Structures are given as structure tokens and as C-alpha cells.
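**Student:** Protein chains in written order, with the deposited numbering: chain A, 2 to 526; chain A', 2 to 526; chain A'', 2 to 526. A prime marks a further copy of an entry chain.
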Ligand SMILES: Cc1ncc(Cn2c(C)c(CCOP(=O)(O)OP(=O)(O)O)sc2=O)c(N)n1
Ligand SMILES: Cc1ncc(Cn2c(C)c(CCOP(=O)(O)OP(=O)(O)O)sc2=O)c(N)n1
Ligand SMILES: Cc1ncc(Cn2c(C)c(CCOP(=O)(O)OP(=O)(O)O)sc2=O)c(N)n1
Ligand SMILES: [Ca+2]
Ligand SMILES: [Ca+2]
Ligand SMILES: [Ca+2]
Ligand SMILES: [Ca+2]
Ligand SMILES: [Ca+2]
Ligand SMILES: [Ca+2]
Ligand code: NA
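1) Tell me the start and end of each unbroken beta strand (DSSP E) in the segment 3 to 74 of chain A' that is at least 3 residues and wholly inside, in chain order.
2) Should residue 153 (chain A) and residue 69 (chain A) be called a contact, given that it needs their Cβ atoms to be closer than 7 Å?
3) Can you pull the chain A neighbours of residue 288 (chain A''), defined as C-beta to C-beta under 7 Å?
4) Rounded to whole angstroms, what's the CA-CA distance from residue 356 (chain A) to residue 383 (chain A)? Just pull it up for me.
5) Tell me, which residues are paired with residue 493 (chain A'') by DSSP?
6) Mind listing, in chain order, the continuous beta strand (DSSP E) runs of no fewer than 3 residues lying wholly within the segment 334 to 412 of chain A'?
7) Using a C-beta to C-beta distance shorter than 9 Å, which residues of chain A' count as neighbours of residue 162 (chain A)?
8) Which of the three DSSP states is assigned to residue 91 (chain A) in this structure?
9) I'd like to confirm the pairing. Which residues does DSSP put opposite residue 454 (chain A') in its beta bridges?
10) Measuring straight from C-alpha to C-alpha, what distance separates residue 63 (chain A) and residue 341 (chain A'')?
11) Assuming residue 43 (chain A) and residue 440 (chain A) make a contact with CB atoms under 8 Å, what is their CB distance in whole Å?
12) Can you give me the C-alpha to C-alpha distance between residue 319 (chain A') and residue 214 (chain A'), rounded to a whole angstrom?
13) What residue ranges within the segment 174 to 253 of chain A'' form continuous beta strand (DSSP E) runs of no fewer than 3 residues, ordered along the chain?
14) Regarding residue 501 (chain A) and ligand 6, is the C-beta to nearest heavy atom distance less than 6 Å?
15) Please confirm whether any heavy atom of ligand 9 lies closer than 6 Å to the CB of residue 429 (chain A'').
16) Which runs of the beta strand (DSSP E) at least 3 residues long sit entirely within the segment 83 to 167 of chain A''? Give them in chain order.
17) Residue 459 (chain A'): which of A':468, A':525 and A':479 sits nearest, CA to CA?
18) Determine the closest residue to residue 287 (chain A'') out of A'':315, A'':317 and A'':256, with distance taken between C-alpha atoms.
19) Check whether the Cβ of residue 120 (chain A') lies closer than 6 Å to any heavy atom of ligand 10, and answer yes or no.
20) Measuring CA to CA, which of A'':122, A'':81 and A'':159 is closest to residue 108 (chain A'')?
21) Where do the ends of the beta strand (DSSP E) carrying residue 277 (chain A) lie?
22) Leaving out five residues before and five after residue 111 (chain A') in sequence, what residues of the same chain have Cβ atoms less than 6 Å from its Cβ?
23) Kindly confirm or deny that the segment 24 to 40 of chain A'' and the segment 485 to 496 of chain A' touch, where touching means at least three C-beta pairs closer than 8 Å.
24) What do you get for residue 124 (chain A''), buried or exposed, if any count of 16 or more other CB atoms within 10 angstroms of its CB means buried?
25) Which partner residues of residue 293 (chain A'') appear in the DSSP bridge assignment?
26) Can you give me the start and stop residues for the beta strand (DSSP E) that residue 424 (chain A') sits inside?
27) Find the nearest neighbour of residue 45 (chain A') within the set A:445, A:512, A:429 and A:248, judged by alpha-carbon distance.
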């Protein structure tokens with residue numbers, strides 16, 4: 002067998018059947034004779050390729066496979082890899098290298114010092130020392146991406162390797178099963194359960210690894226037994242809990258002092274599946290107030306090590322959430338009362354308040370919709386106004402890098418063909434990965450893109466007002482016609498300048514048979 | 002003085018007056034109180050920011066200054082940095098970091114292990130250990146980018162540093178002059194000149210560092226004295242010689258055997274300002290034929306070290322080209338005869354042959370036009386058909402990474418406001434950095450963009466036919482309306498489906514007062 | 002509080018009370034006012050410092066703390082770090098940096114690009130962005146070294162940081178408890194137990210992480226229940242099983258074909274706490290024979306990913322070994338029969354055969370002796386001839402790097418003051434870290450060093466005969482007087498030229514009150 006045949010056999014035996022890619026010449030010997038049982042999803046720029054694959058991996062809860070062109074293609078994808086690193090996304094990034102005979106002379110398209118290029122944003126990065134090693138290196142890539150804490154990996158392959166003979170012993174790779182589905186030992190788990198059972202006023206904080214593990218329902222059971230309020234850890238990349246459940250208390254503010262104040266009076270705070278904590282604004286104060294202790298369950302040693310407070314347990318979130326939910330006592334305390342509905346903001350017949358947009362989406366969207374957020378100044382309102390009952394209902398760029406939601410919404414829609422995906426993206430953010438629209442058109446992936454057009458980088462302008470920073474350049478983005486961009490890439494486009502038109506556009510988009518972009522005129526901040 | 006005030010003083014004292022950027026919150030404390038004597042050029046995605054800055058630096062022959070947002074912004078620019086590394090472009094890339102007080106906890110927007118992120122595509126990469134060190138680190142960045150061999154550098158700055166007090170001794174940085182304008186010592190230069198004077202059939206090969214040095218006219222004098230044919234080294238990022246001069250012999254094929262055959266019978270081959278050589282296709286054979294010896298003058302130790310043949314001299318290209326041109330004897334050999342004009346290809350009233358497009362551009366464009374090439378299957382025809390008399394008339398992505406020409410053409414047009422820039426870009430390549438169009442519209446930078454629309458990644462399809470590689474996916478890019486994309490970003494757009502319409506569109510574009518995009522329907526390969 | 006006071010408080014609160022070091026000026030502000038409750042162990046060269054700390058950490062089963070001088074001191078220790086990486090040794094390596102005000106100018110003793118220096122041989126490597134961050138960075142170092150898979154970490158600290166004010170919120174670091182004591186979830190553990198219970202002819206292979214976990218007794222119970230033979234995985238850094246237990250089958254040969262042949266006929270092979278596998282010689286063949294399947298339990302994702310065959314479970318070895326031992330059925334198969342005693346090799350009145358040396362050590366040493374091996378050509382005989390009943394009885398350089406055993410034997414003796422340590426070291430290997438002897442003399446650490454003097458690098462000469470490699474230079478090491486080296490560093494020294502003198506020397510060494518070196522004249526290979 003060839004390296005090509007053996008590698009595709011390994012991929013299919015490990016559950017991989019789709020290649021997300023933007024091709025180049027170093028990749029042609031890999032992509033030739035493409036297997037009939039695989040799909041290739043083309044995107045027009047590599048940030049788009051990786052974003053699509055990332056949404057697909059996060060929604061599918063399985064690794065996604067990517068093929069990029071040498072250094073330039075890898076490099077164009079590194080902002081997308083920064084988000085994937087923070088979301089623990091299991092991405093297998095492969096890039097073609099020059100033929101081994103011209104690497105030394107640094108022929109055009111040689112990826113020099115290849116494994117160092119995507120560092121520090123990958124868990125493992127490698128170029129094999131020989132063609133026969135390629136299937137084994139691919140096996141390592143698959144398992145490194147997939148083991149907890151999941152994350153992106155990188156493999157560079159010289160193009161001449163694919164046609165070489167494989168090692169006949171590579172068959173031992175095909176059916177390897179590697180598990181990291183582990184939980185704290187019985188004695189120490191009993192100690193933790195007793196601490197939870199004994200708490201007078203526990204609180205629960207959940208992060209994105211809960212939703213990645215599909216541990217959401219177990220965390221609902223845990224919160225109901227402990228009769229505990231539940232937040233979402235700050236800068237949230239996913240939604241780990243039903244947002245109208247009576248225990249739910251919303252998205253935590255991303256500040257040190259704000260969080261310790263929020264937790265004041267809670268004697269034990271159990272954090273599951275989050276860094277402690279992804280603060281953002283600088284809001285100095287106490288990490289925790291006197292009387293509060295914190296216990297973190299994380300799948301990532303790096304998170305456990307860097308927490309500035311609390312105890313930690315490094316284990317699989319699915320296994321731990323299930324064990325805790327099934328072991329804790331039912332507290333005799335009263336179940337927390339649900340948060341009240343958000344108020345309706347006054348809305349005239351002109352430009353839309355973001356609050357109006359979210360209320361209308363909540364009214365019209367199916368109950369199993371999936372939302373993506375890259376409307377950076379409206380996140381708080383989004384979290385208050387969308388009832389997200391189900392797992393896998395929310396994604397936000399985990400490293401804060403714009404350019405994620407537009408392509409990721411296409412990958413999520415590919416992963417979840419029966420759940421309507423609605424990406425809510427600011428006019429600024431929409432540009433970073435605008436060409437991803439073409440993939441939705443070409444493959445007829447029926448994502449709805451809602452562009453919140455307020456003419457400016459609103460979150461930045463707000464923070465500049467917050468610093469009394471005058472004379473900051475580059476904050477306005479006038480003069481972009483998003484319906485024309487959509488037409489450019491073959492996506493149906495609608496405009497909503499007021500509420501009547503927003504409702505009409507959403508009705509038209511929800512009944513369409515393909516992707517739709519709606520440009521919404523929103524109120525300037 | 003503050004670190005902010007001292008750093009902008011250093012920049013202006015070192016000749017920097019423009020910031021190319023896409024802003025974020027870690028950068029607001031740098032950009033606030035932006036000096037009135039500086040310009041900020043916004044682009045909508047970081048590959049675009051860096052591409053614009055790169056074209057500006059290459060055309061201006063001076064460093065360009067860039068400001069990007071943390072890891073995600075840096076990462077989005079790394080494909081652009083791969084081209085800048087290969088073109089020796091002097092780019093000072095700065096990125097904002099989190100405040101020093103929250104780097105440890107890895108708050109959102111922390112750039113983890115920052116200096117390793119752009120490696121291996123930068124000459125120097127650094128984050129200062131304290132705020133007071135920032136001006137000195139900026140000084141290092143300026144000089145590292147600017148010294149031969151020029152190239153991109155990276156500086157990460159925690160946002161809280163800018164408001165801190167500067168070291169009063171930083172004033173010694175402001176007027177430092179650092180020179181690498183050096184040439185081979187007299188004794189060894191005399192030996193080289195004698196070898197050139199004695200050659201029976203010399204040949205000259207020129208690379209991009211000639212055009213970067215503005216050594217073009219000196220190389221014309223050198224070739225006229227030696228009565229020697231002149232090529233352009235393969236995979237050429239720039240044009241180092243007038244393409245209708247009688248000595249000119251065109252772009253070398255990017256293959257080992259092809260080049261040694263081309264050079265057969267030449268006893269001494271002098272290469273100036275190029276790697277030896279940027280081969281591309283694998284075309285194995287002799288590096289040089291018996292009877293040919295090679296001497297390379299390069300500004301880059303890495304090029305001298307990796308050449309598989311020949312002697313080398315590591316020195317400044319401007320200084321060496323001037324010295325050689327003025328020292329060699331006038332040979333009594335006959336001056337080479339000019340290459341004949343290219344033939345006219347038969348053209349019907351339908352879709353355009355690329356040859357027709359280049360002939361028409363050559364007929365209509367001003368004699369001091371500047372061309373950019375990202376039409377990957379038509380490069381040979383472009384080089385045969387455009388008379389480029391002047392320095393700084395041609396740019397092509399030096400690492401082969403698409404996404405360079407569209408933004409770089411805007412930066413070149415900014416650098417050369419009196420020379421009409423015409424970017425010739427394939428329909429595939431146009432997407433990588435499509436949002437750069439907005440910058441041309443906003444700042445009214447009058448670049449002309451000629452999109453060669455043949456519906457496919459033609460160079461890739463050709464190479465797949467060359468390998469008899471069947472069943473390669475992802476090679477076609479149907480369904481893109483480039484006039485709508487242009488309208489989306491505010492650029493006037495025209496379509497040319499035949500020759501009459503091409504001539505009309507070019508006449509309209511050449512007389513326009515702003516940027517123009519022309520979508521040309523070209524013949525499918 | 003100062004950074005100095007806060008950091009020592011964190012160290013003591015996390016169980017650290019000893020600093021292994023070789024001091025320099027960047028370290029004086031850390032070491033000044035050294036706390037009265039800490040000990041400082043000086044060694045004369047940094048390979049020695051780290052080797053001592055490594056033996057201490059491995060024998061104590063807890064992290065050891067090291068302080069080295071800048072780049073040169075760190076660099077002198079990197080061969081020792083290569084061994085520590087392979088043995089999963091929890092080492093906290095700190096190095097002093099220049100004052101932040103002179104890092105930029107690269108003053109003498111600046112550690113440039115410090116965090117990259119020990120890569121790729123550390124789990125985490127860091128220099129803090131400010132003085133107040135130092136305690137938090139130290140906390141990260143402590144936990145990263147200590148979490149599974151344990152390993153060395155690196156922290157660089159500018160010398161001016163220690164006297165600065167600490168952040169008052171650093172107190173939250175002091176009592177953090179971080180656990181990785183995890184095991185496979187119940188459902189999948191039940192599946193594994195059923196597979197073991199059902200096996201017709203199981204085999205067990207144990208690696209060093211068993212001994213690190215003190216899982217040895219649980220593995221004895223497991224092997225007795227399964228009635229299974231037990232090997233030791235190849236290139237063994239530790240001894241994980243009593244070597245005279247009836248199930249024990251010895252050290253596996255470090256070859257692919259040899260191991261698959263050894264395992265032939267075993268239907269299920271359970272590997273615990275080892276890479277799969279640390280082969281050495283190139284012995285190509287089948288990884289496993291038909292009929293054998295392999296299941297690996299490892300604490301290290303990198304081991305699980307790179308195994309070329311088998312299933313894997315990534316979990317804590319202590320927790321998994323205990324769970325398996327207590328869950329499997331008692332098989333009705335007959336318990337394996339003990340291996341026969343080794344034969345006595347014929348020995349005349351001249352130079353000693355290594356077999357004689359090991360038999361005599363086994364006869365004379367206490368039953369709770371601890372052995373170290375750096376006598377590279379005699380490893381097989383050592384494993385056959387020493388009865389090691391207890392955990393923590395054997396250490397061998399895990400990456401194959403000589404220079405480990407001499408210093409590590411001092412650290413092990415410090416960790417285990419009531420167990421006599423006997424290091425058996427070849428004459429070649431003894432030189433790499435010879436100055437470590439001084440530490441044993443100064444602190445009166447009563448290690449016994451047995452130098453096997455055969456005049457040559459015997460393992461290398463053997464492998465050169467194996468390749469029929471003629472004319473290899475550098476294989477002989479004549480002319481070293483080890484008694485004089487011992488006297489040089491203050492250690493009592495004895496010589497044994499024959500068996501009578503070996504017995505007399507060992508009797509004298511075993512009754513001595515301090516360290517003793519015995520130079521043994523062994524037979525040339
Ligand atoms: C790749 C990248 N570049 C730059 C930024 C900086 N940035 C930018 C430019 C934001 C503005 C987003 O504007 P928007 O139109 O999408 O939304 P709002 O108007 O609601 O802020 S938010 C933010 O963090 C970024 N996060 N990611
Ligand atoms: C960033 C990036 N991604 C992918 C490629 C691979 N690639 C691609 C995709 C080419 C096709 C360009 O298509 P085009 O329409 O611009 O021109 P032609 O049809 O004349 O080839 S040429 C080439 O090397 C690349 N060079 N750079
Ligand atoms: C730091 C280092 N340098 C070089 C070697 C190479 N090497 C050397 C030089 C060996 C010879 C050891 O000689 P010895 O006297 O200690 O033992 P034998 O005579 O029993 O081989 S074994 C081996 O792998 C090494 N392992 N480690
Ligand atoms: Ca099919
Ligand atoms: Ca906006
Ligand atoms: Ca001005
Ligand atoms: Ca094309
Ligand atoms: Ca004391
Ligand atoms: Ca020896
Ligand atoms: Na990198």
C-alpha cells in the first residue's frame with residue numbers, strides 16, 4: 002500500500018470523512034484520487050477553512066480535518082487557530098510541504114522550520130522524518146487533537162511522501178482506541194461530594210468544556226440537587242446551561258472585583274469546565290471575598306495551574322459532571338427562583354436597538370436554533386434575550402478574534418442540518434472572513450447571517466470613551482454594502498431598516514431553502 | 002515624558018509617519034492622542050493591513066510600521082508575513098498585549114508566548130521586560146527591520162506600558178544612524194572585477210534585491226559594459242531590469258535542469274540580489290553544466306549559505322552593483338541583440354486570452370505604470386508582454402502566497418501617487434484579501450484592479466494535468482460576482498466580456514479619479 | 002510583603018523546604034535572607050545540581066526545587082533535563098535573570114529569549130512580565146511540575162523582582178490543592194476488567210511510572226489475581242516490581258521484533274506506566290504477532306498518542322493500578338513459577354567479571370538497598386542478579402544520558418537516609434558528573450559509589466563490533482585514577498582488583514559513616 006492509501010484508511014477508521022481545505026500544489030499528491038467516501042469542503046481563504054472546520058468540530062463534538070497550503074496557507078489560518086486553542090477545538094491541521102529533494106535549497110513553497118510556524122497555538126506540531134512515518138504521525142495528530150484537553154495540532158507533509166510505500170506494520174494504527182474519559186478517584190470524589198452536600202450556600206459556574214462534553218443535562222441535575230444558582234464563566238465561548246432554567250443567573254462580568262462581589266456570601270463555588278477566570282477588563286480587587294472558597298474541575302492542566310485561587314481537579318468534564326450529579330444529596334433548600342424576563346426597550350419606527358433584534362429573533366426562531374455571536378458590543382443583551390434550552394446553542398470566538406462566527410456558522414450548520422443556525426455578526430467583524438459566504442452558497446448550507454450594521458467598531462469606541470481616550474483613529478467603518486457582498490458570493494440578501502422590515506426579512510429567511518444574509522440597520526452607540 | 006510620547010518621537014525621528022493598522026482594545030492606549038503629524042491607514046482584516054504596508058515599504062524603499070491586535074490579529078497576518086520574509090520587506094509589526102497585571106492569569110486577549118507566535122517568519126521578535134524598555138525595544142525593531150538583509154520584525158507591548166514614565170536616557174535613541182551599506186574589500190573586489198573582465202561569455206542573473214536597492218540602472222551599466230545577457234532569477238518578486246533593453250532575456254524557468262541548460266556555454270554567471278535559486282517545480286538535473294561557474298552577490302547570509310553551487314559575497318546590493326558597474330572594463334564584444342516582440346495571439350470576439358489582456362494593457366497604460374501579478378497561470382505571458390522601463394514596476398507574492406497583490410497594490414499606489422498602479426489578479430487569488438478594496442475606496446487611493454476571471458484555480462489545474470492526477474477536488478471557483486464585491490466595498494466596477502469592452506473599460510479606468518475594478522472574462526485553461 | 006517573602010511562603014506552604022543550587026549574582030537577591038527552615042544543597046556544576054535534585058524528587062515522590070545561574074547555568078544542566086523529561090521527574094528549575102533595566106542592552110548575564118532555552122525538555126517555561134507576578138508564576142511552576150504527567154518546568158526571574166512589593170492577593174496561592182488522581186470512568190473500567198478476566202493467557206508489562214506512583218504492591222496483587230507473567234518495559238528507568246516474585250520475567254529487550262516474539266501467544270498484554278515502547282536497537286519486525294492485543298494505561302498523553310499499536314487509557318497510574326487490582330477476578334490458572342537463580346560465572350583470582358560484582362553486591366547489601374545503574378554494558382546482568390524486593394530500589398538514566406547516576410545517587414540517599422544507596426557506574430560514565438562527589442563529602446551523604454573500571458566505553462565498543470564498524474575513534478578511556486578523584490573531592494576511596502579485595506572493600510564501605518568510592522578492576526569486553 003502507498004502512504005496515501007494507508008493514511009486515508011487510517012482517517013476513515015478513526016471516523017474522519019470530511020476534508021476542509023484550500024488547495025495548493027504541495028497538496029495535490031494528497032488530494033489526487035480523493036476517496037469516494039470522503040467529502041471536500043472548499044473555502045476561499047484559510048481563516049475561513051479553519052473557522053468552518055472549527056464550527057463543525059465544536060458542534061459535532063469530534064475532530065475535524067483540515068488541509069492547507071504550506072507556510073502562506075498555514076499563516077493565513079493562525080488567527081483562526083488562536084480561537085481554536087481557547088475553545089479546545091479538536092482540529093487536525095495538515096499542510097503540504099515541498100518535495101524532500103528541494104527543501105534544502107528553500108524552493109518556492111518550502112515551509113521553513115514548519116513545526117515552529119503555528120506554535121504556540123497548537124498542542125503538537127510535527128513534520129515526519131520519512132515518508133513511511135507519515136501514517137504514524139497522522140495517528141499521533143488524531144489522538145493529540147482528541148485527548149483531553151482537546152485542541153488543534155499541526156502536521157506538515159512533503160508532497161513526495163504520499164506515493165511512497167507504506168510500512169506494512171501501519172495497520173496496527175487503524176483501530177487504536179485512546180481514552181481520556183477519567184474522573185477523580187473514589188476516596189477524593191467522596192470528599193468533594195461531602196463538601197458540596199455540606200455547603201450552606203453553594204454556587205456553580207460553568208464554562209465551555211461543559212457544552213463540549215454534552216455535560217449540560219448533568220449540570221442541570223447537579224444544580225437542581227444542590228439547589229444552587231448557576232452562572233456562566235466570563236468571555237463565554239459556548240452556552241453550558243438552559244438560559245431560562247430557574248437556577249440560571251447569566252453571564253458573569255469579566256472582571257476580578259465584579260466576580261468576587263458576585264460570589265460574596267457563597268461558601269463554596271464549584272467551577273466546571275472553565276478557566277478560572279477568563280477576565281477581560283482590568284477591574285482590580287479581591288479574587289474571592291472572605292468566606293468564599295472555590296473548587297475547579299477542568300480538563301486542562303494549564304487552566305488548573307494558572308488559577309490564582311481555589312483547589313482544582315484535572316479530569317474529563319463529562320465523566321465528572323455525571324458522577325457529581327448522581328452522587329450529591331438532594332438539598333432541602335428551596336430551588337432558586339427564575340430570573341425575570343428582560344424589559345422591552347422603547348423602539349421607534351427607525352433604526353433598530355440591538356435589544357429589539359434579539360427579542361424578535363427569540364420570538365421567531367425555532368426553539369432548537371443555534372446562535373453565533375460576533376456582535377461585540379451587544380453580548381450582554383444577547384445573553385439576556387435569547388432562550389437557549391438545548392446544548393450546542395451558542396458560539397463566540399474563544400480568543401476574542403473576529404473572523405470566527407461567519408465561517409463557524411457554516412460549519413455548525415453542516416454539523417447540525419436540522420437545527421437552524423443564526424449568526425449575529427457586527428458590520429466590523431463581518432469583514433474578517435467575508436469570503437466564507439461563498440462556501441455556504443456553493444454547498445447550499447442554509448445558515449442565516451444577521452449583520453448588525455451600526456457603522457463603527459462599537460465595543461472599541463465604548464472602551465475608548467471609558468478611558469477618555471481622545472483622538473483614537475480607525476474606529477469607524479462606513480461605506481460597506483453587505484447585500485452587495487452577499488450577492489458577490491452568491492448568497493440571497495435582504496435589508497432591514499426598521500422593525501417591520503426586520504420581521505419580514507426574518508420570515509423570508511426562515512422559510513428560504515438556502516443561506517440568507519440580512520443587513521440590519523442598528524442604532525449607533 | 003511618557004513611553005507613548007517618547008516612542009512616537011523615536012518613530013518620527015527615524016522617518017516613520019504612517020501607521021497601517023486594524024485596532025483593538027490592547028492597542029487603544031498606543032493609538033490615543035494619535036499625533037497630528039502621523040497618518041493612520043485602516044484596513045478591515047490583518048492580512049490586508051500587512052499587505053498594504055508591505056507594498057508601501059517595497060515601493061518606498063523604507064520601513065513601514067504596522068499595529069495589530071494581540072494574537073488573533075497577529076495570527077491573521079502570518080500568511081502576509083510569509084511573503085514579506087521572502088521579499089526582504091522592512092516591516093515593523095507591533096501588537097498590543099494585555100496589561101502586565103493580567104498576563105499571568107491569561108485574561109482574554111493575552112498573547113501567550115507572544116514572541117514565538119510569528120516565528121519563523123521574522124528577523125527579530127520580542128516583548129519588553131518593562132514599560133521603560135519599550136522605546137529601546139522599538140529602536141531595536143526599527144534597526145533590525147532596516148539593516149540588510151531587510152525583513153519583518155515583531156514587537157509585543159502590554160497596553161499599560163504607554164502611560165508610564167519613559168527613561169530620560171531614551172533620547173539617545175532618537176537620531177541613531179545605522180548603516181549596512183557595505184561592499185567587498187578592494188583586494189577581493191579587484192579579483193572579482195578581473196574575473197568578469199576576463200570572461201569569454203558572461204551572463205548576469207538579477208533578483209529582487211536589485212530593485213529594492215534601486216540598483217537597476219547600475220546593473221544596466223554593468224550589462225552594457227560586459228556586453229552580457231541578463232535574466233531575472235526565477236519566482237521573481239520584483240523586476241530588476243528594463244524589459245525591452247537589448248540585453249534582457251526574461252524570467253528564468255524555476256527548474257534546476259532548465260536553468261543549467263539555459264546557462265550552458267556561459268563561463269561565468271554573476272547573480273546579483275537573488276537566492277540561488279528560487280526553484281519551484283521539481284526538474285532534477287545538474288545545478289550547472291561543465292564549463293559554467295557561478296558567483297553570487299547577496300545581501301542575505303542565509304541565501305549565501307544555502308546556494309548548492311558557486312561562490313558568494315554577502316554585501317549590500319546597491320553598493321556592490323555601483324562598484325562593479327563603475328570598475329569593469331568595456332568589453333569589445335558585440336552588445337546582445339534585443340529579443341523580438343511577442344506574437345499576437347489570435348483573438349475572437351469572445352472571452353479574452355490572457356495574452357490579449359497583457360498586450361492591451363501594454364498599449365494603453367502609461368510608460369511609468371506599476372504592475373502587480375497574482376494571476377498565477379499567466380506569469381510567463383505577463384513578463385513577455387509588458388514593457389517595464391523603470392524601477393519599481395512589478396510585484397509578485399515572494400513566498401507564493403495569494404492575498405498579497407490586492408492590498409499591496411494599494412500600498413504601492415500610496416507610495417507612488419504619480420505612477421498608475423494596475424494589479425492583475427486571478428479570480429481565485431482575488432478572494433484571499435478582498436476586503437482590502439475598502440481601504441482604496443475610503444482613502445481614495447486610485448489603484449486599478451484587473452480581475453482575470455476564468456472560473457478556476459488555473460495554475461493548480463494545470464499542475465494536476467501535469468501529474469495526471471485525477472479526481473482532485475476544490476479546483477473550481479464558480480459563482481463570484483466581482484462587480485458586486487467591488488460595490489460592496491465602495492469601488493467603481495466595470496466588466497469586460499470581450500476585447501471591445503476591455504478597451505472601453507481600461508479607458509474609463511485610466512481616466513477615473515478613484516480606484517476601479519475591472520472584471521475580465523478570460524479563457525478557461 | 003515582598004516578592005521574596007511571599008515566594009518562600011508559597012514554597013513552604015506547598016511542601017518545598019530544600020533548594021538544590023549553584024549560585025550566581027542574578028540569584029543573590031533570591032538567596033539572601035535565606036529562610037531558617039529551608040536547606041540549601043550546593044553542587045559544583047549544574048548537571049550535578051539537577052541530577053541530585055532529580056534523584057531526590059524520584060525517591061521522595063514529590064517535587065524538587067532547583068536554582069541555577071542564568072543561561073550558562075541553565076545550559077550546563079540541559080543534559081540532566083533530558084533525563085528528567087524521560088523519567089517524568091517533577092523538577093522546578095528556577096534561574097536568575099539580569100535586572101529588568103539592563104535586559105534590553107543584553108548586559109553580561111542576561112538570559113536572552115530565556116523561556117526558549119530549555120525547550121523542548123520542559124513542560125512549561127516562563128519569565129514573568131512583572132515582579133508582582135513572580136509568586137503566581139512560581140505557583141504555576143509548582144503545579145505544572147506536579148500534575149500528571151509530572152516533569153521539569155522552568156522559571157526565569159529578573160533579580161530586581163525579589164525586593165519589590167508583592168500583590169496582597171497572592172495569599173490565595175498558598176494553600177491551593179491541585180489533583181490529577183483520576184481513573185477511567187466506571188462503565189469503561191468495567192469493560193477493561195471484563196477483558197482482563199476473560200483473557201486466556203494475559204501478560205503484564207510495567208514501566209517507571211508504576212514505581213513513581215508507588216503502585217508496585219497493587220501491581221503485585223494484580224499479577225497474582227490474573228496469574229500473569231510480569232515484565233519490565235525496555236530501557237527501564239526504575240524498577241516497578243519485586244524481582245524475585247514468581248511472576249517476574251525480567252527486563253524486556255529493547256527491540257521491536259524481540260518484544261513481539263516475547264509476547265507471542267499472550268492474548269491480552271496490559272502495559273501500565275510505560276511508553277509503548279522505549280526501543281533502542283533497530284530490530285525491525287512486527288509490533289505484535291497475530292493473536293496478541295495490547296492495552297496501555299499511561300499518565301502521559303504523548304505516550305498514548307505515539308504508541309504504534311494497542312488501545313490506551315490516559316489516567317493516574319496509582320489510581321488505575323489500585324482500581325484494577327481490587328476489581329479483577331482471581332483466575333483459577335496456576336500462578337507462574339519463579340525464574341531460576343542465575344548461574345555463577347567462573348571467576349579466577351584476577352579482574353572481576355561484572356556478574357561476580359553483582360552477585361557479591363546481592364550477597365552483602367541490605368535487603369532494602371537502593372541501586373543506581375550507569376554501567377552501560379552490564380545492565381542485563383544487573384537485572385538478573387540483584388534481588389530488589391521493595392519499591393524505589395533502582396534508577397537508570399531515563400534518556401540514556403550519562404552523568405545521572407553519580408549525582409542522583411546522592412539525592413536518593415538524601416531522600417532515603419535509612420536505605421543504603423549503591424551506585425554502580427562505569428569508568429566512562431563516572432566522569433560526566435564527577436564533581437558531584439564533593440556534595441556527598443560536604444553534607445556527609447553516605448552513598449556508596451562502585452566504579453566498574455574496564456578502561457573503555459564498553460557498550461559502544463560492543464555496538465561497533467555489532468556493525469563491523471572499523472576504525473571508530475574515541476572508544477577508550479585509559480589513565481583515570483578514581484581513588485585520586487575521590488580524594489580530590491574528599492570521599493574515602495578503596496580499590497578492588499580481585500574478589501577478595503571486592504569483598505573486603507564492600508565490608509569496609511557498608512560499615513563506613515560517610516560516602517565511599519570503590520574502584521573495581523573489571524574484565525575488558
Ligand atoms: C482579528 C481581530 N482583529 C481586531 C480585533 C479588535 N476588535 C474589533 C475591531 C471589535 C469591533 C467589532 O466591531 P463589530 O462591528 O463587529 O461589533 P460592535 O460594533 O458591536 O463592537 S471588538 C475587538 O476586540 C479583534 N477582536 N479581532
Ligand atoms: C494563501 C494561498 N493559499 C493557497 C495557495 C495555492 N494556490 C492557488 C489556490 C492558486 C490558484 C490561483 O488562482 P487564480 O484564479 O488567482 O489564478 P490562475 O487561474 O491564473 O491560476 S496558485 C497557488 O499557489 C496559495 N498560493 N496561497
Ligand atoms: C551524556 C552522554 N554522552 C555520551 C553518551 C554515549 N554513551 C557512552 C559514552 C557510553 C559508554 C559508557 O561507558 P561506561 O564505562 O560507563 O560503561 P560500559 O563500559 O559498561 O559501557 S554508553 C552511551 O550511550 C551518553 N549515553 N551520554
Ligand atoms: Ca461519494
Ligand atoms: Ca459595528
Ligand atoms: Ca495632520
Ligand atoms: Ca483563475
Ligand atoms: Ca534551620
Ligand atoms: Ca567502561
Ligand atoms: Na510561530
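Idealized CB from N, CA, C, for every residue including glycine.
**Tutor:** According to the structure shown:
1) 19 to 22, 40 to 43 and 65 to 70
2) no
3) Those are 170 and 173, listed as they occur along chain A.
4) 8 Å
5) DSSP output for residue 493 (chain A'') lists A'':517 as bridge partner(s).
6) Whole beta strand (DSSP E) segments, 3+ residues: 371 to 375 and 395 to 397.
7) What residue 162 (chain A) touches in chain A': nothing, since even the nearest Cβ is about 13 Å away.
8) Correct three-state label for residue 91 (chain A): coil.
9) Partner(s): A':522.
10) 51 Å
11) 7 Å
12) 5 Å
13) Taking only runs of at least 3 residues, the beta strand (DSSP E) segments lying wholly in the segment 174 to 253 of chain A'' are 183 to 185, 204 to 207, 231 to 233 and 249 to 252.
14) no
15) yes
16) 92 to 98 and 154 to 159
17) A':525
18) It is A'':256 whose Cα lies nearest to the Cα of residue 287 (chain A'').
19) yes
20) Residue nearest to residue 108 (chain A'') within the set A'':122, A'':81 and A'':159 is A'':159 (criterion: CA-CA distance).
21) Run containing residue 277 (chain A): none; DSSP gives neither H nor E here.
22) 99 and 104
23) no
24) buried
25) Answer by DSSP bridge pairing: none, since residue 293 (chain A'') is not bridged.
26) 422 to 427
27) A:429
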